[PDB]
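Student: please find the sequence and an experimentally derived structure below.
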Amino acid sequence: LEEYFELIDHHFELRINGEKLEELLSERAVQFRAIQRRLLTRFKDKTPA
Amino acid sequence: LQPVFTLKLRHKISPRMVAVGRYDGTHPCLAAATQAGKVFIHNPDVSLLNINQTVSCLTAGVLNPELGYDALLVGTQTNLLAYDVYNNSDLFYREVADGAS
Amino acid sequence: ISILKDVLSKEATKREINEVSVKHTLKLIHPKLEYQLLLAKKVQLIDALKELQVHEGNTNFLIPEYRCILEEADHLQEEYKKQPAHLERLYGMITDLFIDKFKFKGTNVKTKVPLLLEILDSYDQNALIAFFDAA
């Protein structure tokens, strides 16, 4: 019950790290989508810029 | 004198692109260009219109005297758009190819 | 001291080095050039980020890095107006320092200037001091 809890805690630390990495990937993907939409708007436009 | 009213609008106004027009027919409002090619409308809340294109002219007047509404005009270096903001419907979207300076 | 030597010799015609001083002057200069380059790098992206600012109200997406620039955009932009004069003055001061500190030893290094200009376009401070001590 004590060398068994440390493995549980390692597992849960990895889980929490994964959730953090995923919520960061969400923000990065949102940024990429926003900049991509801006670029698409610049593409559809006729006038140079 | 003294400014009879003041207000702060969070959007950068492009210099020569400003107009006042009674877009509700009897309710005057402000139309002004902004960065990113969007034209904002201040009613007395700010409402955005996605021109999605770098504006170069903007005015507002009576284009068909049959009705009493001001038509919001928006010129671009390759387009020209009249807009009935009240009933959102293009009066005419002409393509100039000579520009709107 | 180089300017003093030249001007006093001119007046006369009318009528020692610490080997670490260059290091001290370059360490003095480094923060100013760093600030000018960061100024340029931020003002390059100010307007591009402002185009993104006008949409979706900036609630969840903008990186904190550029979010630090979205606020101080105004001060950055108004200092960028004066930046180029400071950058040119710093480049001139550095090239005069280099030319003079090689002139005291009796050399004429008026030719290696363009390499120094390129180095400053890069501005590797350690490579800068290396180019100072070597050639």
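Tutor: Yep, that arrived. Numbers count the residues shown, from 1 in each chain, chains lettered A, B, ... in the order given.

Student: what residues does chain C put near chain B?
Tutor: Selection of chain C residues close to chain B by Cβ under 8 Å from any Cβ of the partner chain yields C:47, C:50, C:51, C:54, C:55. Placement of C-beta: from N, CA and C, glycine included.

Student: enumerate the positions of the host helix or strand of residue C:116 that are buried.
Tutor: Using DSSP states H and E, residue C:116 sits within helix C:113-122. Across helix C:113-122, burial judged by 16 or more other Cβ atoms under 10 Å in any protein chain shown covers C:116, C:119, C:120.

Student: so what's the residue count around residue B:51?
Tutor: 21 (other Cβ atoms under 10 Å in any protein chain shown).

Student: of the residues of chain C next to chain B, which are in range of chain A?
Tutor: For chain A, the contacts drawn from those by Cβ under 8 Å from any Cβ are C:51, C:55.

Student: out of the buried residues of helix C:113-122, the closest to chain B would be?
Tutor: Taking Cβ to the nearest Cβ as the measure, residue C:120 is the one of those closest to chain B, at 33.7 Å.

Student: pretty sure the closest one sits against residue C:91.
Tutor: Yes: the criterion here is Cβ atoms under 8 Å, and residue C:120 meets it with residue C:91 at 5.8 Å.

Student: returning to that earlier point: packing partners of the helix holding residue C:116?
Tutor: Other elements packing on helix C:113-122 under the criterion 3 or more Cβ pairs under 8 Å, 6 or more residues apart in numbering or on different chains; DSSP states H and E are helix C:83-103, helix C:125-134.

Student: of those, which is nearest chain A?
Tutor: helix C:83-103 (23.7 Å).

Student: so the most centrally placed residue in chain B: helix, strand or coil?
Tutor: In chain B, the residue lying closest to the centroid (Cα atoms, centre = their mean) is residue B:31, at 3.9 Å. Assigned by DSSP: H, G, I helix; E, B strand; the rest coil, the conformation of residue B:31 is strand.

Student: what about the spatially closest residue to it that is not a sequence neighbour, which SS state?
Tutor: Setting aside the residues directly before and after it, residue B:31 is nearest to residue B:19 in space (Cβ to Cβ, 6 or more residues apart in numbering or on different chains), at 4.8 Å. Classification of residue B:19 using three-state DSSP returns strand.

Student: roughly how far does residue B:19 sit from residue C:88?
Tutor: 43 Å (Cβ to Cβ, to the nearest Å).

Student: between these two, who's got more neighbours?
Tutor: With neighbours defined as other Cβ under 10 Å, residue B:19 and residue C:88 compare such that residue B:19 has more, 20 against 10.

Student: if I pick the more buried one, what's in contact with it?
Tutor: Shown in contact with residue B:19 (Cβ atoms under 8 Å, 6 or more residues apart in numbering or on different chains): B:30, B:31, B:32, B:58, B:59, B:60, B:72, B:73.

Student: which one of those is nearest residue A:18?
Tutor: Ranked by distance to residue A:18 (Cβ to Cβ), those are led by residue B:32 at 47.5 Å.

Student: look up how far chain A lies from the closest one.
Tutor: According to Cβ to the nearest Cβ, to the nearest Å, residue B:32 stands 20 Å off from chain A.

Student: in the sheet, who's paired with that residue?
Tutor: Beta-bridge partners of residue B:32, counted by DSSP bridges, are residue B:18, residue B:40.

Student: burial measure for it, as a count.
Tutor: Neighbours around residue B:32, by other Cβ under 10 Å: 21.

Student: pull out the buried positions in stretch C:102-114.
Tutor: For stretch C:102-114, the neighbour count (16+ other Cβ under 10 Å) marks C:102, C:103 as buried.

Student: how distant is it from the center of its chain?
Tutor: Centroid separation for stretch C:102-114 versus its chain: 20 Å, with Cα atoms, centre = their mean, to the nearest Å.

Student: interface residues of chain A facing chain B?
Tutor: Residues of chain A lying near chain B (Cβ under 8 Å from any Cβ): A:41, A:44, A:45, A:46, A:47, A:49.

Student: now do 6 Å
Tutor: Within chain A, the positions adjacent to chain B are A:41, A:45, A:46, A:47 by Cβ under 6 Å from any Cβ of the partner chain.

Student: ok so, going back, out of the contacts of residue B:19, who's nearest chain A?
Tutor: residue B:58 (16.0 Å).

Student: what's across from that closest one in the sheet?
Tutor: Under DSSP bridges, the beta-bridge partners of residue B:58 are residue B:74.

Student: which single helix of chain C contains the most residues?
Tutor: For chain C, the helix that runs over the most residues, judged by DSSP state H, is helix C:21-53.
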